[PDB]
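Novice: Next comes the structure file input35.txt, holding compact mmCIF, N, CA, C and O atoms.
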# COMPACT_ATOMS: atom_id res chain seq x y z
N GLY A 1 120.41 115.96 104.67
CA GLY A 1 119.26 116.46 105.41
C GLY A 1 118.32 115.31 105.79
O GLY A 1 118.72 114.15 105.82
N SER A 2 117.08 115.68 106.08
CA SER A 2 116.07 114.70 106.46
C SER A 2 114.71 115.10 105.90
O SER A 2 114.10 114.35 105.15
N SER A 3 114.27 116.29 106.28
CA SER A 3 112.99 116.80 105.82
C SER A 3 111.86 115.90 106.31
O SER A 3 112.08 114.72 106.60
N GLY A 4 110.67 116.48 106.40
CA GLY A 4 109.51 115.74 106.85
C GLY A 4 108.23 116.56 106.65
O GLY A 4 108.26 117.62 106.04
N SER A 5 107.14 116.03 107.19
CA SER A 5 105.85 116.70 107.08
C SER A 5 105.39 116.71 105.62
O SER A 5 106.20 116.84 104.71
N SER A 6 104.09 116.56 105.45
CA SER A 6 103.50 116.55 104.12
C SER A 6 103.54 117.96 103.52
O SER A 6 103.92 118.91 104.20
N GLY A 7 103.13 118.04 102.26
CA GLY A 7 103.11 119.32 101.57
C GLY A 7 101.75 119.57 100.92
O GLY A 7 100.72 119.57 101.60
N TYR A 8 101.78 119.78 99.61
CA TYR A 8 100.56 120.03 98.87
C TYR A 8 100.35 118.97 97.78
O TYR A 8 101.31 118.38 97.30
N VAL A 9 99.09 118.76 97.43
CA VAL A 9 98.75 117.79 96.41
C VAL A 9 98.36 118.52 95.12
O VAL A 9 97.91 119.66 95.16
N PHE A 10 98.54 117.82 94.01
CA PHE A 10 98.21 118.39 92.71
C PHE A 10 97.55 117.34 91.81
O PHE A 10 97.97 116.19 91.78
N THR A 11 96.53 117.79 91.09
CA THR A 11 95.81 116.91 90.19
C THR A 11 96.53 116.81 88.85
O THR A 11 97.38 117.64 88.53
N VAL A 12 96.18 115.78 88.10
CA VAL A 12 96.79 115.55 86.80
C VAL A 12 95.72 115.07 85.81
O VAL A 12 95.21 113.96 85.94
N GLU A 13 95.42 115.93 84.85
CA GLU A 13 94.42 115.60 83.84
C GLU A 13 95.09 115.30 82.50
O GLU A 13 95.66 116.20 81.88
N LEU A 14 95.01 114.04 82.11
CA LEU A 14 95.61 113.61 80.85
C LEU A 14 94.55 112.91 80.00
O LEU A 14 93.45 112.64 80.48
N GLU A 15 94.92 112.64 78.76
CA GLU A 15 94.01 111.98 77.84
C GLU A 15 94.59 110.62 77.41
O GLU A 15 95.63 110.57 76.75
N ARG A 16 93.88 109.57 77.80
CA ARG A 16 94.31 108.22 77.46
C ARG A 16 94.88 108.18 76.04
O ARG A 16 94.13 108.25 75.07
N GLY A 17 96.20 108.08 75.97
CA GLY A 17 96.88 108.03 74.69
C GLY A 17 96.59 106.71 73.96
O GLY A 17 95.79 105.91 74.43
N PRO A 18 97.29 106.53 72.81
CA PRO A 18 97.12 105.32 72.02
C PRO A 18 97.83 104.13 72.68
O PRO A 18 97.66 102.99 72.25
N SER A 19 98.60 104.44 73.71
CA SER A 19 99.33 103.41 74.43
C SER A 19 98.73 103.21 75.82
O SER A 19 99.17 102.35 76.57
N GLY A 20 97.72 104.03 76.11
CA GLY A 20 97.05 103.95 77.40
C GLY A 20 97.83 104.70 78.47
O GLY A 20 98.07 104.17 79.56
N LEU A 21 98.22 105.92 78.13
CA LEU A 21 98.98 106.75 79.06
C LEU A 21 100.46 106.35 79.01
O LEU A 21 101.00 106.12 77.93
N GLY A 22 101.05 106.27 80.19
CA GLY A 22 102.46 105.90 80.29
C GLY A 22 103.01 106.21 81.68
O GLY A 22 103.88 107.07 81.83
N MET A 23 102.47 105.51 82.67
CA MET A 23 102.90 105.70 84.04
C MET A 23 103.24 104.37 84.71
O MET A 23 102.34 103.63 85.12
N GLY A 24 104.53 104.09 84.78
CA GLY A 24 105.00 102.86 85.39
C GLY A 24 104.81 102.89 86.91
O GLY A 24 105.77 103.02 87.66
N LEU A 25 103.55 102.75 87.32
CA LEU A 25 103.22 102.76 88.73
C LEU A 25 103.52 101.38 89.33
O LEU A 25 103.29 100.36 88.68
N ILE A 26 104.02 101.40 90.55
CA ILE A 26 104.35 100.16 91.24
C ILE A 26 103.89 100.26 92.70
O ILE A 26 103.80 101.35 93.25
N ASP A 27 103.62 99.10 93.28
CA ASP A 27 103.18 99.04 94.66
C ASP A 27 104.35 99.39 95.58
O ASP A 27 105.39 98.75 95.54
N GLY A 28 104.13 100.42 96.40
CA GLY A 28 105.15 100.86 97.33
C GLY A 28 105.79 99.68 98.05
O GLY A 28 106.95 99.74 98.45
N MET A 29 105.00 98.63 98.21
CA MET A 29 105.47 97.43 98.88
C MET A 29 106.59 96.75 98.08
O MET A 29 107.50 96.17 98.66
N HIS A 30 106.48 96.86 96.77
CA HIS A 30 107.47 96.27 95.88
C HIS A 30 108.76 97.10 95.93
O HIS A 30 109.86 96.55 95.87
N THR A 31 108.57 98.41 96.02
CA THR A 31 109.71 99.32 96.07
C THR A 31 110.27 99.39 97.49
O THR A 31 109.56 99.11 98.46
N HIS A 32 111.54 99.75 97.57
CA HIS A 32 112.21 99.86 98.86
C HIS A 32 111.29 100.54 99.87
O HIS A 32 111.30 100.20 101.05
N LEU A 33 110.50 101.48 99.36
CA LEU A 33 109.57 102.21 100.20
C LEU A 33 108.92 101.24 101.19
O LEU A 33 108.68 101.60 102.35
N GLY A 34 108.66 100.04 100.71
CA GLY A 34 108.04 99.01 101.54
C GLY A 34 106.77 99.54 102.20
O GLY A 34 106.31 99.00 103.21
N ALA A 35 106.22 100.60 101.61
CA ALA A 35 105.01 101.20 102.13
C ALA A 35 103.85 100.92 101.17
O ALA A 35 104.07 100.71 99.98
N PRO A 36 102.62 100.93 101.74
CA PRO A 36 101.43 100.68 100.95
C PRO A 36 101.07 101.89 100.09
O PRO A 36 101.32 103.03 100.49
N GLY A 37 100.50 101.61 98.93
CA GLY A 37 100.11 102.67 98.01
C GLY A 37 100.88 102.56 96.69
O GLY A 37 101.89 101.87 96.62
N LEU A 38 100.36 103.25 95.69
CA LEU A 38 100.99 103.24 94.37
C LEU A 38 101.95 104.42 94.26
O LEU A 38 101.78 105.43 94.94
N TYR A 39 102.94 104.26 93.39
CA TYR A 39 103.92 105.31 93.18
C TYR A 39 104.49 105.24 91.76
O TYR A 39 104.59 104.17 91.17
N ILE A 40 104.84 106.41 91.25
CA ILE A 40 105.40 106.51 89.91
C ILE A 40 106.79 105.89 89.89
O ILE A 40 107.63 106.20 90.74
N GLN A 41 107.01 105.01 88.92
CA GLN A 41 108.29 104.35 88.78
C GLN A 41 109.01 104.83 87.52
O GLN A 41 110.21 105.07 87.54
N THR A 42 108.24 104.95 86.45
CA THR A 42 108.78 105.40 85.18
C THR A 42 107.80 106.34 84.48
O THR A 42 106.68 106.53 84.95
N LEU A 43 108.26 106.90 83.37
CA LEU A 43 107.43 107.82 82.60
C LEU A 43 107.73 107.63 81.11
O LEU A 43 108.65 108.24 80.57
N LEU A 44 106.92 106.79 80.48
CA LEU A 44 107.08 106.52 79.07
C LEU A 44 107.39 107.82 78.33
O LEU A 44 106.97 108.90 78.76
N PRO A 45 108.14 107.68 77.20
CA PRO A 45 108.51 108.84 76.40
C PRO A 45 107.32 109.35 75.59
O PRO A 45 106.92 110.50 75.72
N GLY A 46 106.79 108.46 74.76
CA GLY A 46 105.65 108.81 73.93
C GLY A 46 104.33 108.60 74.68
O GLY A 46 103.42 107.94 74.18
N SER A 47 104.27 109.17 75.87
CA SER A 47 103.08 109.06 76.70
C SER A 47 102.64 110.45 77.17
O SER A 47 103.44 111.38 77.19
N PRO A 48 101.34 110.54 77.55
CA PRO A 48 100.78 111.79 78.02
C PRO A 48 101.25 112.10 79.44
O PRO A 48 101.47 113.26 79.79
N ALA A 49 101.39 111.05 80.23
CA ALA A 49 101.83 111.19 81.61
C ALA A 49 103.18 111.91 81.63
O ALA A 49 103.42 112.77 82.48
N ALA A 50 104.03 111.54 80.69
CA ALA A 50 105.35 112.13 80.59
C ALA A 50 105.24 113.51 79.95
O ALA A 50 105.81 114.49 80.45
N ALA A 51 104.50 113.56 78.85
CA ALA A 51 104.30 114.81 78.13
C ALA A 51 103.84 115.89 79.11
O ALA A 51 104.04 117.08 78.87
N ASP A 52 103.24 115.43 80.20
CA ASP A 52 102.75 116.35 81.22
C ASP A 52 103.93 117.10 81.83
O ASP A 52 103.94 118.33 81.84
N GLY A 53 104.88 116.33 82.33
CA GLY A 53 106.06 116.91 82.95
C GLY A 53 105.99 116.81 84.47
O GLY A 53 106.87 116.22 85.10
N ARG A 54 104.94 117.39 85.03
CA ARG A 54 104.74 117.38 86.47
C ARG A 54 105.05 115.99 87.03
O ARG A 54 105.91 115.84 87.89
N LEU A 55 104.33 115.00 86.51
CA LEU A 55 104.52 113.63 86.95
C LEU A 55 106.01 113.33 87.06
O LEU A 55 106.72 113.30 86.05
N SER A 56 106.45 113.12 88.29
CA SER A 56 107.85 112.83 88.54
C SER A 56 108.00 111.40 89.08
O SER A 56 107.06 110.85 89.65
N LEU A 57 109.18 110.84 88.87
CA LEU A 57 109.46 109.49 89.32
C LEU A 57 109.42 109.45 90.85
O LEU A 57 110.05 110.27 91.52
N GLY A 58 108.68 108.48 91.37
CA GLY A 58 108.54 108.32 92.80
C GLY A 58 107.20 108.86 93.29
O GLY A 58 106.70 108.44 94.34
N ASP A 59 106.64 109.78 92.51
CA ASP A 59 105.36 110.37 92.85
C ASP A 59 104.43 109.29 93.40
O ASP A 59 104.60 108.11 93.10
N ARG A 60 103.46 109.73 94.19
CA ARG A 60 102.50 108.81 94.78
C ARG A 60 101.07 109.20 94.38
O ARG A 60 100.66 110.34 94.60
N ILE A 61 100.37 108.24 93.80
CA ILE A 61 99.00 108.48 93.37
C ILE A 61 98.07 108.40 94.58
O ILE A 61 98.39 107.74 95.57
N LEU A 62 96.94 109.08 94.46
CA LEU A 62 95.96 109.10 95.53
C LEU A 62 94.59 108.73 94.97
O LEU A 62 93.88 107.91 95.55
N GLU A 63 94.26 109.36 93.85
CA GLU A 63 92.98 109.11 93.20
C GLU A 63 93.19 108.81 91.72
O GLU A 63 94.23 109.14 91.15
N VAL A 64 92.18 108.19 91.12
CA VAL A 64 92.24 107.84 89.71
C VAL A 64 90.85 107.98 89.10
O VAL A 64 89.96 107.18 89.37
N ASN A 65 90.70 109.02 88.28
CA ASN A 65 89.43 109.28 87.63
C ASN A 65 88.34 109.47 88.69
O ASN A 65 87.20 109.05 88.50
N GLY A 66 88.73 110.11 89.78
CA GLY A 66 87.81 110.36 90.87
C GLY A 66 87.50 109.07 91.64
O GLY A 66 86.41 108.92 92.20
N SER A 67 88.48 108.18 91.65
CA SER A 67 88.33 106.91 92.34
C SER A 67 89.38 106.80 93.45
O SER A 67 90.56 106.58 93.18
N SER A 68 88.91 106.94 94.68
CA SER A 68 89.79 106.86 95.84
C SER A 68 90.60 105.57 95.78
O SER A 68 90.04 104.48 95.67
N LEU A 69 91.91 105.73 95.86
CA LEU A 69 92.81 104.59 95.81
C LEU A 69 93.35 104.31 97.22
O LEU A 69 94.55 104.12 97.41
N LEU A 70 92.43 104.30 98.18
CA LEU A 70 92.79 104.05 99.56
C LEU A 70 92.31 102.66 99.96
O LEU A 70 91.22 102.51 100.52
N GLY A 71 93.14 101.67 99.67
CA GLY A 71 92.81 100.29 100.00
C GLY A 71 92.62 99.46 98.73
O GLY A 71 92.71 98.24 98.77
N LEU A 72 92.35 100.16 97.64
CA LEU A 72 92.14 99.50 96.36
C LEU A 72 93.40 98.72 95.99
O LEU A 72 94.46 99.30 95.80
N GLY A 73 93.23 97.40 95.89
CA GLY A 73 94.34 96.53 95.53
C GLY A 73 95.05 97.03 94.27
O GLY A 73 94.41 97.52 93.35
N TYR A 74 96.37 96.88 94.28
CA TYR A 74 97.17 97.31 93.15
C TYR A 74 96.48 96.98 91.83
O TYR A 74 96.40 97.83 90.94
N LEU A 75 96.00 95.75 91.74
CA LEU A 75 95.31 95.30 90.54
C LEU A 75 94.11 96.20 90.27
O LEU A 75 93.97 96.76 89.19
N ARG A 76 93.26 96.31 91.29
CA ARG A 76 92.07 97.14 91.18
C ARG A 76 92.43 98.52 90.64
O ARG A 76 91.79 99.02 89.72
N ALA A 77 93.45 99.11 91.25
CA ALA A 77 93.91 100.43 90.84
C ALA A 77 94.34 100.39 89.37
O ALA A 77 93.88 101.19 88.56
N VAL A 78 95.22 99.44 89.08
CA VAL A 78 95.72 99.29 87.72
C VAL A 78 94.54 99.15 86.76
O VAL A 78 94.55 99.74 85.68
N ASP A 79 93.55 98.38 87.18
CA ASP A 79 92.37 98.16 86.38
C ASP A 79 91.70 99.51 86.09
O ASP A 79 91.40 99.83 84.94
N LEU A 80 91.48 100.26 87.15
CA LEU A 80 90.85 101.57 87.03
C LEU A 80 91.50 102.34 85.88
O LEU A 80 90.83 102.72 84.93
N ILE A 81 92.81 102.54 86.01
CA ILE A 81 93.56 103.26 85.00
C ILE A 81 93.43 102.53 83.66
O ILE A 81 93.23 103.16 82.62
N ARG A 82 93.54 101.21 83.73
CA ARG A 82 93.44 100.39 82.54
C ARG A 82 92.12 100.67 81.81
O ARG A 82 92.12 101.02 80.63
N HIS A 83 91.03 100.50 82.54
CA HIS A 83 89.71 100.73 81.98
C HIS A 83 89.29 102.18 82.23
O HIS A 83 88.12 102.46 82.46
N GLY A 84 90.28 103.06 82.17
CA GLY A 84 90.03 104.48 82.38
C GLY A 84 89.07 105.03 81.32
O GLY A 84 88.15 104.34 80.90
N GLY A 85 89.32 106.27 80.94
CA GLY A 85 88.49 106.93 79.94
C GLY A 85 89.30 107.96 79.15
O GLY A 85 90.48 108.17 79.42
N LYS A 86 88.63 108.58 78.19
CA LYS A 86 89.27 109.58 77.36
C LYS A 86 89.98 110.60 78.25
O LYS A 86 91.05 111.10 77.90
N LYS A 87 89.36 110.88 79.39
CA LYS A 87 89.92 111.82 80.34
C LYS A 87 90.34 111.08 81.61
O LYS A 87 89.49 110.60 82.36
N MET A 88 91.65 111.01 81.81
CA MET A 88 92.19 110.34 82.98
C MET A 88 92.65 111.35 84.03
O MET A 88 93.49 112.20 83.75
N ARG A 89 92.08 111.21 85.22
CA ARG A 89 92.42 112.10 86.32
C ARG A 89 93.18 111.34 87.41
O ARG A 89 92.82 110.21 87.73
N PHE A 90 94.21 111.98 87.93
CA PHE A 90 95.01 111.38 88.98
C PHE A 90 95.37 112.40 90.06
O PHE A 90 95.71 113.54 89.75
N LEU A 91 95.28 111.96 91.30
CA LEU A 91 95.59 112.82 92.43
C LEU A 91 96.91 112.37 93.07
O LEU A 91 96.91 111.50 93.94
N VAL A 92 97.99 112.97 92.61
CA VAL A 92 99.31 112.64 93.12
C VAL A 92 99.77 113.74 94.08
O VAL A 92 99.32 114.88 93.98
N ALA A 93 100.67 113.36 94.97
CA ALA A 93 101.20 114.31 95.94
C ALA A 93 102.69 114.55 95.65
O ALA A 93 103.43 113.61 95.37
N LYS A 94 103.07 115.82 95.73
CA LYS A 94 104.45 116.19 95.49
C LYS A 94 105.34 115.61 96.59
O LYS A 94 105.46 116.19 97.66
N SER A 95 105.94 114.47 96.28
CA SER A 95 106.82 113.81 97.23
C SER A 95 108.24 114.35 97.10
O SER A 95 108.52 115.16 96.21
N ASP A 96 109.10 113.90 98.00
CA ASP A 96 110.48 114.34 98.00
C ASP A 96 111.30 113.43 97.08
O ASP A 96 110.76 112.50 96.49
N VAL A 97 112.59 113.73 96.99
CA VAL A 97 113.48 112.96 96.14
C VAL A 97 113.71 111.59 96.78
O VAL A 97 113.54 110.56 96.12
N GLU A 98 114.09 111.61 98.05
CA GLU A 98 114.34 110.38 98.78
C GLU A 98 113.25 109.35 98.48
O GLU A 98 113.55 108.18 98.24
N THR A 99 112.01 109.83 98.50
CA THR A 99 110.88 108.96 98.24
C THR A 99 111.08 108.20 96.93
O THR A 99 110.82 107.00 96.86
N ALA A 100 111.54 108.93 95.92
CA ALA A 100 111.79 108.34 94.62
C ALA A 100 112.98 107.39 94.71
O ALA A 100 112.95 106.28 94.16
N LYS A 101 114.01 107.85 95.40
CA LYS A 101 115.22 107.06 95.57
C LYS A 101 114.83 105.61 95.90
O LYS A 101 115.30 104.68 95.25
N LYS A 102 113.98 105.47 96.91
CA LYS A 102 113.53 104.16 97.32
C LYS A 102 112.88 103.44 96.14
O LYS A 102 113.05 102.24 95.97
N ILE A 103 112.15 104.22 95.34
CA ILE A 103 111.48 103.68 94.18
C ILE A 103 112.52 103.25 93.14
O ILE A 103 112.39 102.20 92.51
N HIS A 104 113.55 104.08 93.00
CA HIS A 104 114.61 103.80 92.06
C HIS A 104 115.97 103.93 92.76
O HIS A 104 116.50 105.04 92.89
N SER A 105 116.49 102.80 93.18
CA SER A 105 117.77 102.77 93.87
C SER A 105 117.72 103.64 95.12
O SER A 105 117.98 104.84 95.06
N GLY A 106 117.36 103.01 96.23
CA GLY A 106 117.27 103.72 97.50
C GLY A 106 118.64 103.87 98.15
O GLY A 106 119.67 103.60 97.51
N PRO A 107 118.63 104.30 99.44
CA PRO A 107 119.86 104.49 100.18
C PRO A 107 120.46 103.15 100.60
O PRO A 107 119.82 102.10 100.45
N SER A 108 121.67 103.21 101.13
CA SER A 108 122.36 102.01 101.58
C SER A 108 122.54 101.04 100.41
O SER A 108 121.56 100.51 99.89
N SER A 109 123.79 100.85 100.03
CA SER A 109 124.11 99.95 98.94
C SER A 109 123.48 98.58 99.18
O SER A 109 123.79 97.92 100.17
N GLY A 110 122.61 98.19 98.26
CA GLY A 110 121.94 96.90 98.37
C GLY A 110 120.42 97.07 98.29
O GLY A 110 119.67 96.21 98.75
Any chance you could put this one into structure tokens?

Specialist:
Amino acid sequence: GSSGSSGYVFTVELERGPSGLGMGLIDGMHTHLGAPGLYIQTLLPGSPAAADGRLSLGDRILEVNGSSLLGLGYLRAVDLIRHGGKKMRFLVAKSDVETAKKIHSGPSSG
């Protein structure tokens, strides 16, 4: 298939664990996606992000603790989450599988 058009967004309220959450976010630029913005790459086992379930690999973050992540340098974003708080909020959008594929082994061998 192909699929297109955006869908719906969903918030994620977690509590900064003893490991500081557990969301292997990476710059879309680093991932095959080659697109700007942060995206879920992994989901630690003993983490709240994972314990959540919703958070899926490839997911794309939008906000962090009510902090618009539109232009915020990867570092800045990482910092936000890093220096987050007891209550960590994230605005991720329900992306497709393909989106993740690019994040983790995209199409076309190579």

Novice: Quick one, how far is atom CA of residue 57 of chain A from atom C of residue 104 of chain A?

Specialist: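 Between atom CA of residue 57 of chain A and atom C of residue 104 of chain A the gap is 9.2 Å.
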
Novice: Got a sec: who's within 10 Å of segment 3-11 of chain A, counting only C-alpha atoms, leaving out chain neighbours fewer than 5 positions off, as a PyMOL selection string?

Specialist: chain A and resi 54-55+60-64+89-96+98

Novice: Draw an axis-aligned box over all listed atoms of segment 79-94 of chain A, pad each side with 5 Å, and write its centre and edge lengths in Å, one decimal, as JSON.

Specialist:
{"center_x": 96.8, "center_y": 107.2, "center_z": 87.5, "size_x": 27.3, "size_y": 28.0, "size_z": 30.3}

Novice: In terms of the shortest atom-to-atom distance over all atoms listed in the file, which of A:36, A:22, A:17, A:1 is closest to residue 85 of chain A?

Specialist: A:17

Novice: Considering only C-alpha atoms, can you say which of A:107, A:37, A:58, A:53 comes closest to residue 24 of chain A?

Specialist: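 Of A:107, A:37, A:58, A:53, the one nearest residue 24 of chain A, counting only C-alpha atoms, is A:58.
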
Novice: Pick from A:26, A:100, A:49, A:81: nearest to residue 13 of chain A, with all atoms listed in the file counted?

Specialist: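 Nearest to residue 13 of chain A: A:49.
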
Novice: Please report, as a count of residues only, each residue of segment 5-91 of chain A to which DSSP assigns alpha helix (DSSP H) when run on this structure's backbone.

Specialist: 14

Novice: Could you pull out the residues in chain A that DSSP calls strand (DSSP E) from the backbone, as number ranges by chain?

Specialist: A: 9-15, 23-27, 38-43, 60-64, 87-93

Novice: May I ask which of the residues A:21, A:27, A:40, A:87 is the closest one to residue 72 of chain A, counting only C-alpha atoms?

Specialist: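 Checking each of A:21, A:27, A:40, A:87 against residue 72 of chain A, counting only C-alpha atoms, the winner is A:27.
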
Novice: List the neighbours of residue 25 of chain A out to 7 Å using only N, CA, C and O atoms; skip same-chain residues closer than 5 positions along the sequence, and give me the result as a ChimeraX atom specification.

Specialist: /A:38-42

Novice: Here is a test: counting only C-alpha atoms, which residue of A:75, A:103, A:97, A:23 is nearest to residue 48 of chain A?

Specialist: A:23

Novice: What separation in Å, quoted to one decimal, exists between atom N of residue 43 of chain A and atom CA of residue 69 of chain A?

Specialist: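 It comes out at 20.0 Å.
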
Novice: Let me make sure I understand: among A:46, A:82, A:71, A:51, which one has the smallest atom-to-atom distance to residue 12 of chain A if we use only C-alpha atoms?

Specialist: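 Comparing A:46, A:82, A:71, A:51 against residue 12 of chain A, the winner is A:51.
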
Novice: Hey, can you check how far atom CA of residue 45 of chain A sits from atom O of residue 18 of chain A?

Specialist: 13.0 Å
